[PDB]
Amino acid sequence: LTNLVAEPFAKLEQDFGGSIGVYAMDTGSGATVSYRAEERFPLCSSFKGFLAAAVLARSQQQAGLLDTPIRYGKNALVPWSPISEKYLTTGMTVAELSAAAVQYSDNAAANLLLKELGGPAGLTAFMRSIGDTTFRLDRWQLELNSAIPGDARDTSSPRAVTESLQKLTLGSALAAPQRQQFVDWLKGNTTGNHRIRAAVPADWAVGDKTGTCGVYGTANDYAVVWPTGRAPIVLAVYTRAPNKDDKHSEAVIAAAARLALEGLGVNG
């Protein structure tokens, strides 16, 4: 049921000047679209969705975790921290940091939450615990964005991202209240309007998390999509390019998502 219908991903990545990795899953029939799906690509900020899921998992065992206030000093503010910078003088709750990391890709909030989980190895351990043997986080923001060609640190594959996203949003990896909260955070994301969402009709529900490393044409998005009248679709789109100063493209991510949906026979 893989690639029942061929799509021109090769021409798309050639026009972009890099590599594109795609894995899309129709959760009803099990049919898939797959292109470079088992290659490693840098996560960039897309790790933060899984970080929020790991926080929610912990909260099943710590009833008070989400409401815990976290205070932080100016030395915790990283470039691109649009929410946490407004609460420096007050603090934010764990739930609010999680929402900011997912929905604004707030870099300081993500580092604070990583600390709570025991750092990159603690997030990697959570992904191992849901059966993902590919994902690895090695460093913190912003060093994890280096996107060096051939470097396996801070990478996963489009396929493993999609498989883990499915387990967390639709499967049994989180208890039902935490599952819906993860979904609601993804649905409220603000940074993805020009990526997978641009290929999804306005009358369908969707949640996503983006990543943009800033170098090596490296950027990405993953999403769960609920077309009306059929089962949901889970997909991941990752890009990279050979030269440090190659620019990323939002349009190429949207175009790859359109091809994935066409390949699954989802009318959009």
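Numbering starts at 1 and follows the sequence shown.
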Assert higher mean C-alpha B factor (71 to 79 or 184 to 192, deposited values) equals 71 to 79
Higher mean Cα B-factor in the deposited model: 7 to 15 or 242 to 250?
7 to 15
Using the temperature factors in the entry, find which of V215, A31, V224, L51 has the highest value at its Cα atom.
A31
Among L137, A125, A100, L174 - the residue whose C-alpha B-factor is largest in the record
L174
Could you tell me which third, lowest, middle or highest, the C-alpha B-factor of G211 occupies within its chain?
lowest
Splitting the chain's C-alpha B-factors into thirds, which one does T228 fall into?
middle
Check where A219 lands among this chain's C-alpha B-factors and tell me if it's the lowest, middle or highest third.
lowest
Ranked C-alpha temperature factor of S129 among modelled chain residues, by third:
highest
Chain-relative CA temperature factor third for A256:
lowest
